[PDB]
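Following: one structure in structure tokens, then a few remarks.
When a ligand or atom number is given, it counts from 1 through the structure's own listing order. Keep in mind that the numbers below use all heavy atoms, side chains included, and drop hydrogens, waters and symmetry copies. By convention in this document, chain letters (A, B, ...) are assigned in the order of the sequence lines, proteins followed by strands, and residues within each chain are numbered from 1.
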Number of protein chains: 4
Amino acid sequence: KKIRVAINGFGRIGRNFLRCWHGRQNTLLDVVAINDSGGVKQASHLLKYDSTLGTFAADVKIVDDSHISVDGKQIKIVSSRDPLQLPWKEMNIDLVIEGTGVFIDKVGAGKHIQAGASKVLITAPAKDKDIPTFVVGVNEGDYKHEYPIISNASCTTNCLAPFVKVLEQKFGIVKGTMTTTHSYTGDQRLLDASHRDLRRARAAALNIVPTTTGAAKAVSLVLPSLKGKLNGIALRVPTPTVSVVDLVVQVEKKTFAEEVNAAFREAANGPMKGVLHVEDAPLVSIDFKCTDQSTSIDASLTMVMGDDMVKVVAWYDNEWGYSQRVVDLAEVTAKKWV
Amino acid sequence: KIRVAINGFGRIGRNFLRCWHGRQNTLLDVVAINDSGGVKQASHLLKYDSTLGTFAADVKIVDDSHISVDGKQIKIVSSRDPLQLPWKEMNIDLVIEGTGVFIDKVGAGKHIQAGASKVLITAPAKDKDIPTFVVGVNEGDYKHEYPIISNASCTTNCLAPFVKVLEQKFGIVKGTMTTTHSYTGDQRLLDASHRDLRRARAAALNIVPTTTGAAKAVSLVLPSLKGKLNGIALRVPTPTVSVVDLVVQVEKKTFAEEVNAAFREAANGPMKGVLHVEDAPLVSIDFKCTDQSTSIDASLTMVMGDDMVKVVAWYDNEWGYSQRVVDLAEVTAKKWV
Amino acid sequence: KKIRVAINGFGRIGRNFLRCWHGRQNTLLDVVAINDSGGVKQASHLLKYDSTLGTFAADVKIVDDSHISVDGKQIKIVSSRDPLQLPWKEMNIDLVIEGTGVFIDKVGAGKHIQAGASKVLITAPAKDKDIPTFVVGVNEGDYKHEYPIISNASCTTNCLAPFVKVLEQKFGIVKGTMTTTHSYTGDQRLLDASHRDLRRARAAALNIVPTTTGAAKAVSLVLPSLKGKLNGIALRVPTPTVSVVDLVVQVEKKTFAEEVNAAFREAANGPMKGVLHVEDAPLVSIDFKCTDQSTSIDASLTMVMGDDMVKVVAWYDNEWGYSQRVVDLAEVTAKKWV
Amino acid sequence: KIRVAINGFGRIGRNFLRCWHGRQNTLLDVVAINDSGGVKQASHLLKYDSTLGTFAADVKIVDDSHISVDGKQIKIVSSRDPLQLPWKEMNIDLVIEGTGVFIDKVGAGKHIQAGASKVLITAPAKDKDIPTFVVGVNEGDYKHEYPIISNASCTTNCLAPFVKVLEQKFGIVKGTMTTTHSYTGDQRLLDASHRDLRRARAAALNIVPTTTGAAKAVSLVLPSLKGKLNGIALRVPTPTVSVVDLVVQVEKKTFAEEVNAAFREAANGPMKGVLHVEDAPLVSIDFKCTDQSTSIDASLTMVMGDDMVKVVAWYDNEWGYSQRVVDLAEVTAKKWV
Ligand SMILES: NC(=O)c1ccc[n+]([C@@H]2O[C@H](COP(=O)([O-])OP(=O)(O)OC[C@H]3O[C@@H](n4cnc5c(N)ncnc54)[C@H](O)[C@@H]3O)[C@@H](O)[C@H]2O)c1
Ligand SMILES: NC(=O)c1ccc[n+]([C@@H]2O[C@H](COP(=O)([O-])OP(=O)(O)OC[C@H]3O[C@@H](n4cnc5c(N)ncnc54)[C@H](O)[C@@H]3O)[C@@H](O)[C@H]2O)c1
Ligand SMILES: NC(=O)c1ccc[n+]([C@@H]2O[C@H](COP(=O)([O-])OP(=O)(O)OC[C@H]3O[C@@H](n4cnc5c(N)ncnc54)[C@H](O)[C@@H]3O)[C@@H](O)[C@H]2O)c1
Ligand SMILES: NC(=O)c1ccc[n+]([C@@H]2O[C@H](COP(=O)([O-])OP(=O)(O)OC[C@H]3O[C@@H](n4cnc5c(N)ncnc54)[C@H](O)[C@@H]3O)[C@@H](O)[C@H]2O)c1
């Protein structure tokens with residue numbers, strides 16, 4: 001028995017979620033609605049043509065001023081900047097995908113429940129500790145149907161947590177730091193312009209732009225043994241999608257690169273299959289575009305210095321790979337629904 | 001002499017301050033800047049520029065509402081509503097409208113309600129009755145009696161001066177143009193919401209066709225050209241400098257060397273500093289921070305079938321346009337009261 | 001009865017030719033060899049992973065120091081900078097695809113015949129008038145098996161000639177000029193460096209770089225009525241693939257945009273089906289990536305000024321669309337072979 | 001005073017001429033340039049630069065084998081073989097090896113066979129016995145008796161000075177580094193032939209992991225660091241400026257403010273002009289055309305678990321490295337004979 005879904009914010013994340021879900025062979029989700037500010041004309045066009053994903057093979061059409069069609073499946077399009085006006089009760093909306101990035105606290109996110117929706121799934125870190133956070137392949141087992149509002153974490157935390165988990169079990173972690181060399185996002189300005197963060201203000205395709213990240217501390221939400229053990233930053237570089245995590249950890253049990261790669265390979269062929277991948281080919285960022293996995297370990301880059309300083313480089317598609325996790329977590333809510 | 005206010009401290013407002021600050025002789029005294037970001041944003045973005053490079057000038061935050069450039073202070077007002085702005089109080093003669101939001105008599109009009117005597121719009125006027133000027137083409141028809149004026153678009157400022165030579169020397173039957181244009185702030189960094197589904201597309205990944213009023217707009221500064229020119233823009237992945245590609249059927253049969261000589265006459269005399277003729281085989285980045293409106297690529301000038309003229313002209317859409325903005329505002333200074 | 005093919009120069013064109021051909025449902029070609037300077041390791045890697053085409057779905061493997069495998073089909077890899085040493089006689093090589101761009105005159109190209117090859121197919125304009133030039137959908141009918149050496153023209157001439165043909169038949173052309181706003185190529189330098197052309201010397205991804213083009217005069221080789229009627233230039237901009245032709249022609253019969261688009265639509269639905277396309281969606285360069293057609297008319301951009309000045313904007317994928325023509329022309333030689 | 005020859009007029013050779021030409025006081029006199037492109041290529045690429053911008057200097061072609069910069073002539077020899085070069089005839093004291101092709105005693109040695117007394121390699125030495133120097137770290141150990149010397153790599157020049165402070169003040173146990181590096185000439189514009197299958201990939205489209213000797217190379221100028229440091233490079237789509245990300249376990253437990261103060265001590269005194277400490281929140285392009293080797297991003301300095309130090313340092317891999325090349329060559333001038 002499938003569950004009825006609404007997508008709030010038809011952005012990079014909302015559209016990637018639709019194409020991720022649409023391409024699944026078997027699903028318990030049925031997307032019926034999309035709150036989109038630009039109406040049917042925007043939602044239908046940007047859904048069909050995409051500068052990073054490419055052209056959607058499915059058939060996209062505008063049925064009328066309130067609806068679009070994907071391969072004949074009708075979808076209601078609504079438009080309210082204020083979520084309280086959204087028709088969640090009338091359309092019997094079980095689950096919302098909150099991809100706007102504005103309604104990420106419990107007050108704002110609750111409005112979708114208030115407008116009659118049964119559950120909310122934040123496509124980002126929540127802004128309060130009261131909202132439970134999950135990473136598929138790490139702690140999705142701990143999700144309970146009683147949780148009305150859930151967080152699927154950051155794209156970077158989705159890359160970091162699965163391989164951090166393996167390191168923690170196999171070698172044990174004392175402390176560490178990370179750098180995400182991350183593709184530019186819609187938050188950065190195209191040319192130098194207004195922004196509360198004076199780095200993110202600078203022309204994105206011209207510059208290496210340092211920015212703060214919560215992925216290093218956020219890992220502790222899904223892996224309690226990591227509490228206070230990691231910090232880090234990000235460097236936004238002029239690529240439109242695909243990112244890489246550079247992790248330096250001090251480990252308890254002295255090791256070597258081949259032993260650290262064997263641990264990742266055990267996890268990849270076993271319990272983290274589909275989430276963690278170990279790549280042995282000497283590839284580049286574009287080769288990781290549209291990968292389904294959360295993290296791809298660059299095997300040849302793994303480096304151990306002085307027996308216990310371990311460096312791991314992990315590729316992730318921050319749009320698509322994260323979207324394939326958002327479809328996974330939503331499926332867990334569908335599988336658990338009362 | 002005249003006391004200038006800058007509304008909207010974006011690429012054109014910040015280009016205007018650096019251009020004006022670089023004039024040896026200036027009749028303009030920039031006293032106020034309206035920026036939402038406050039002294040801390042304005043000081044930072046004036047000083048660090050991804051395109052322009054670091055301002056050589058000493059820029060500091062004096063207090064909560066003032067910055068100094070080489071010790072000269074400027075007030076930072078912060079209202080999205082022009083009607084609020086204290087220009088009666090600050091005795092503001094002229095206002096530079098770099099917001100792109102107040103483009104009509106009513107929108108532009110609000111600055112004058114607030115005390116300013118005149119408005120200079122760094123963009124085409126939305127309203128017909130607003131006179132538009134291109135320095136080196138029709139700035140002579142400028143009059144103090146005009147309270148709200150337009151400095152046209154960056155593309156129109158590149159096109160109008162060379163079109164002017166062509167119409168004088170050969171005469172124009174009709175013509176079409178393409179501007180291969182550097183991306184701008186209108187465009188989205190990644191595919192996102194936009195009225196223009198083309199401008200919605202990732203700016204740094206694409207050649208993005210878009211509309212241009214620049215061809216028809218030439219008829220505003222050269223009335224002889226009404227209904228003769230049309231064109232499009234191809235926005236491409238460069239942060240500044242753009243190039244106009246014009247194809248015109250002309251009345252007087254001609255050849256490449258003869259067209260270039262006509263441009264060179266104008267370059268050396270009446271349009272010096274507005275029109276340049278470039279002989280070296282350069283690329284867009286070499287036209288960065290050029291003060292001229294138009295740089296004819298002399299070797300690209302082509303004539304086919306005697307009367308079909310193709311001209312390729314470079315322009316820094318930020319810096320060259322901004323130098324013309326400084327020039328139009330200076331003209332209102334020399335014609336003031 | 002299929003013909004045996006060798007690819008000389010496993011560059012952007014050689015590799016695009018292999019993937020174009022490999023993806024054809026029915027073909028009379030059987031690629032058996034590739035002269036590649038970088039040996040099996042280069043040819044196998046760059047064939048599998050591609051920054052513009054993306055990852056090849058087929059199975060690519062190195063069988064030994066002289067061979068690679070594509071989906072189990074074995075291919076001999078050789079390496080001679082000097083074509084005279086190539087094993088064309090011993091491998092019974094009927095047809096060579098000359099994609100090096102160095103052996104494009106009749107003396108250099110003949111060396112592949114001299115080394116025992118039966119025919120040569122230059123992936124570029126030939127440097128002498130003695131080598132016949134063909135454009136599929138315009139003049140491929142005039143190709144004769146007796147022609148040992150053939151030219152498939154430039155990517156730009158492949159975009160220009162099909163739509164120029166329609167204009168010439170329907171309205172008749174007096175004179176015109178073109179601009180190709182073209183993606184950067186391997187000929188341009190990444191950073192400012194040595195080049196005989198001081199424009200092409202300048203950093204390609206930083207600049208709009210003017211360059212000479214023979215596509216405007218080259219059109220007269222396939223459409224003799226165009227002789228001396230067109231000239232033009234190119235502007236190389238910082239995109240890695242996909243280009244656009246901006247054509248301004250003076251026509252005899254006075255017309256309007258909708259009439260000019262109707263002519264292109266008649267050709268597209270009729271005799272130029274698969275080569276000429278009319279696009280009504282407001283798209284951008286990336287949307288034309290990996291298109292099979294030689295030319296896609298941007299319908300909404302078509303413009304007529306003063307009754308007889310006509311402007312047409314035509315998108316073309318200079319790598320893939322051109323490669324789908326190179327596979328087409330090679331098929332015509334296979335279909336005509338004695 | 002000393003008569004300098006530049007072999008290989010690429011990004012480093014052209015950066016060297018502009019850097020040297022900008023020194024108020026110089027003991028160097030650049031008399032000859034070996035460029036395959038001839039006076040017409042050298043004059044053009046010295047004058048027009050996609051990164052550096054237009055040379056303010058007057059550059060002209062005097063004749064078939066000479067260019068003038070601000071009237072000073074330079075001879076343009078054109079031989080791929082250094083053994084051919086007429087440096088006995090031109091009385092060439094020092095040769096700047098910017099080709100990247102003659103990196104060993106034998107390859108570098110050919111310039112001296114041809115008449116030159118000394119060779120300065122703008123890259124790591126292929127041969128062990130060739131001494132390498134980093135200005136602000138170990139240039140004091142420089143001696144005239146060394147006929148062939150190395151100025152190390154751009155990354156090593158960024159790393160070595162701040163590593164030096166860390167080893168003095170806190171001491172280094174072991175450490176790893178990543179340099180997020182601007183693309184270079186080694187890399188291909190579109191996927192094409194390369195020994196390094198990663199460097200084969202389109203430079204402006206990708207984050208491209210590559211090897212670096214920069215971590216181990218620090219042990220050449222700081223012998224205390226042997227076997228303590230390793231690293232990689234991520235080449236990214238920017239034309240210049242790069243940033244070193246170093247994580248080191250140190251002996252003396254410490255905190256962010258204490259590490260930054262140690263860098264600031266070095267910046268204000270012994271490493272002034274080699275090491276800078278930046279407090280403003282800048283981006284890579286703001287570090288363009290900086291003369292310093294290293295720019296510490298003060299706010300990014302992080303200390304985790306008391307003894308794991310992360311430092312983020314900017315460097316213009318072209319211009320800052322080139323200013324160090326000018327500095328090493330100057331040192332051979334002040335120690336000459
Ligand atoms: N893109 C990534 O790499 C990535 C990765 C993981 C997490 N995220 C998170 O996903 C969220 C969205 O990111 P994105 O890249 O898709 O951004 P985006 O800008 O592409 O998407 C945001 C969309 O929401 C719309 N919107 C804004 N306010 C709205 C409102 N009140 N009601 C309805 N729609 C509204 C916008 O107009 C836009 O269409 C953010 O929280 C971001 O941090 C992004
Ligand atoms: N950039 C060019 O190449 C160029 C050159 C010629 C003309 N123009 C014209 O210049 C104008 C400015 O363009 P730009 O590229 O600098 O844009 P921009 O977005 O960089 O600058 C706009 C600035 O105005 C501010 N602003 C917006 N609404 C405001 C309000 N209500 N009150 C106060 N400030 C407000 C914004 O915060 C921003 O700082 C436009 O009209 C544009 O058409 C552009
Ligand atoms: N890429 C395009 O957009 C495009 C379009 C149509 C026409 N063309 C033409 O196709 C040809 C190749 O272009 P490309 O973009 O594929 O270039 P490329 O540089 O990607 O391909 C050239 C390849 O040939 C190899 N090669 C060079 N000399 C050789 C020799 N003596 N023997 C064997 N191999 C040799 C090179 O090492 C390289 O692998 C040129 O004539 C070009 O004008 C290019
Ligand atoms: N570019 C940087 O960021 C940087 C900074 C530090 C060190 N380096 C080192 O500087 C050196 C030069 O690098 P680059 O980026 O300027 O490379 P480049 O390719 O721009 O410069 C090389 C120049 O040498 C010329 N050359 C090649 N072989 C020659 C020969 N046999 N005889 C004469 N001239 C010859 C080439 O034609 C070219 O003009 C390399 O060793 C590099 O490792 C690079």
Side-chain angles (χ1 to χ4, degrees), chain A residues 8-16 35-38 42 79-83 99-104 122-125 154-156 158 182-183 185-187 191-194 241 243 318-319 322, chain B residues 7-15 34-37 79-82 97-103 121-124 151 153-154 157 181-182 184-186 190-193 240 242 317-318 321-322, chain C residues 191-194, chain D residues 7-15 34-37 79-82 97-103 121-124 151 153-154 157 182 184-186 240 242 317-318 321-322:
Chain A
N8 212 60
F10 209 54
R12 287 269 96 211
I13 296 297
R15 301 210 288 294
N16 267 259
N35 178 3
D36 180 30
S37 329
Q42 219 104 300
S79 195
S80 328
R81 298 245 328 239
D82 171 12
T100 63
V102 305
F103 306 121
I104 73 230
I122 321 207
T123 239
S154 76
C155 51
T156 306
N158 268 84
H182 200 286
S183 281
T185 69
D187 197 53
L191 292 181
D192 289 355
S194 320
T241 196
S243 302
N318 48 286
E319 272 182 3
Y322 182 69
Chain B
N7 201 50
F9 208 50
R11 298 297 316 154
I12 307 307
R14 297 205 302 283
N15 268 252
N34 170 11
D35 185 33
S36 64
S79 186
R80 213 155 109 170
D81 193 338
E97 226 329 307
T99 72
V101 166
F102 308 104
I103 253 221
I121 299 187
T122 72
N151 193 56
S153 66
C154 49
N157 273 92
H181 210 279
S182 267
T184 65
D186 206 57
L190 289 170
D191 297 350
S193 258
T240 196
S242 319
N317 48 289
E318 290 194 340
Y321 178 79
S322 280
Chain C
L191 292 181
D192 289 355
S194 320
Chain D
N7 201 50
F9 208 50
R11 298 297 316 154
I12 307 307
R14 297 205 302 283
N15 268 252
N34 170 11
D35 185 33
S36 65
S79 186
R80 213 155 109 170
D81 193 338
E97 226 329 307
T99 72
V101 166
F102 308 104
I103 253 221
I121 299 187
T122 72
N151 193 56
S153 66
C154 49
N157 273 92
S182 267
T184 65
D186 206 57
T240 196
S242 319
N317 48 289
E318 290 194 340
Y321 178 79
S322 280

Check your understanding: Is A:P83 touching ligand 1 with its side chain, its backbone, both, or neither, if touching means heavy atoms under 4.0 Å apart?
Key -> neither
Review point. Considering only heavy atoms, does A:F10 approach ligand 1 within less than 4.0 Å through its side chain, its backbone, both, or neither?
Key: backbone
Check your understanding: Who gets closest to atom 10 (O) of ligand 2 by heavy atom: B:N151, B:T122, B:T99?
Key -> B:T122
Exercise for review: Examine ligand 2 and decide if any of its atoms is less than 4.0 Å from a heavy atom belonging to B:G185.
Suggested key: no
Exercise for review: Calculate, to the nearest 0.5 Å, the distance between atoms CD1 and CD belonging to D:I12 and D:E97 respectively.
Suggested key: 12.0 Å
Practice item. If you have a sec, work out which protein heavy atom is nearest atom 33 (C) of ligand 2 and how many Å separate them, to one decimal? Key: B:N34 ND2, 3.8 Å
Practice item. From the options A:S243, A:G101, A:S154, select the one whose nearest heavy atom is closest to atom 40 (C) of ligand 1. Key: A:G101
**Study point:** Residues A:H182, A:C155; criterion side-chain contact (heavy atoms from CB on, under 4.5 Å); working and verdict
**Key:** CA-CA 10 Å; A:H182 200 286; A:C155 51; 3.3 Å; yes
Review point. Do protein heavy atoms approach atom 27 (C) of ligand 1 to less than 4.0 Å?
Key: no
Point to revise | Candidate pair B:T99 and B:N7, rule side chain to side chain donor-acceptor pair (under 3.5 Å), full reasoning | key: CA-CA 6 Å; B:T99 72; B:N7 201 50; 4.6 Å; no
**Study point:** Pair D:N317-D:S242, side-chain donor/acceptor within less than 3.5 Å
**Key:** yes
Practice item. For A:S194 and ligand 2, answer yes if some heavy atom of the residue is under 4.0 Å from a ligand atom, otherwise no. Key: yes
Revision key, fill the gap. Distance col, row D:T184:OG1 vs D:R11:CZ, nearest 0.5 angstrom, shows 11.5 Å
Revision key, fill the gap. the protein heavy atom lying closest to atom 38 (C) of ligand 1 turns out to be A:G11 CA, 4.3 Å
Revision key, fill the gap. closest protein heavy atom to atom 43 (O) of ligand 2 is B:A123 CB, 4.2 Å
Exercise for review: Can you pull out the closest protein heavy atom to atom 1 (N) of ligand 2? Residue, atom name and distance to 0.1 Å, please.
Suggested key: B:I12 CD1, 3.6 Å
Review point. Would you say atom 19 (O) of ligand 4 has a protein heavy atom nearer than 4.0 Å?
Key: no
Practice item. List every atom of ligand 4 that sits less than 4.0 Å from any heavy atom of D:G98, numbering the atoms from 1 in the order shown and giving each element. Key: 11 (C), 12 (C), 22 (C)
Review point. Which protein non-hydrogen atom lies closest to atom 15 (O) of ligand 2, naming both residue and atom, and how far is it?
Key: B:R11 CB, 3.8 Å
Review point. So how far is it from A:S194 OG to A:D192 CG, rounded to the nearest 0.5 Å?
Key: 10.5 Å
Check your understanding: To which of D:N317, D:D81, D:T240 does the heavy atom nearest atom 5 (C) of ligand 4 belong?
Key -> D:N317
Point to revise | Any C:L191 side-chain heavy atom under 4.5 Å of D:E318 side chain | key: yes
Check your understanding: Is any N or O atom of A:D36, backbone or side chain, closer than 3.5 Å to an N or O atom of ligand 1?
Key -> no
Review point. Are D:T122 and D:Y321 side-chain neighbours, meaning at least one heavy-atom pair lies under 4.5 Å?
Key: yes
Review point. Under a heavy-atom criterion of less than 4.0 Å, does A:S37 contact ligand 1?
Key: yes
Check your understanding: Is there side-chain contact between B:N151 and B:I121, with heavy atoms separated by less than 4.5 Å?
Key -> no
Review point. Below 4.5 Å, heavy atoms only, C-beta onward: do B:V101 and B:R80 meet side chain to side chain?
Key: no
Check your understanding: Which option out of A:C155, A:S80, A:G9 puts a heavy atom nearest to atom 32 (N) of ligand 1?
Key -> A:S80
Study note, to complete from the structure: atom 30 (C) of ligand 2 has as its nearest protein heavy atom B:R80 CG, 3.5 Å
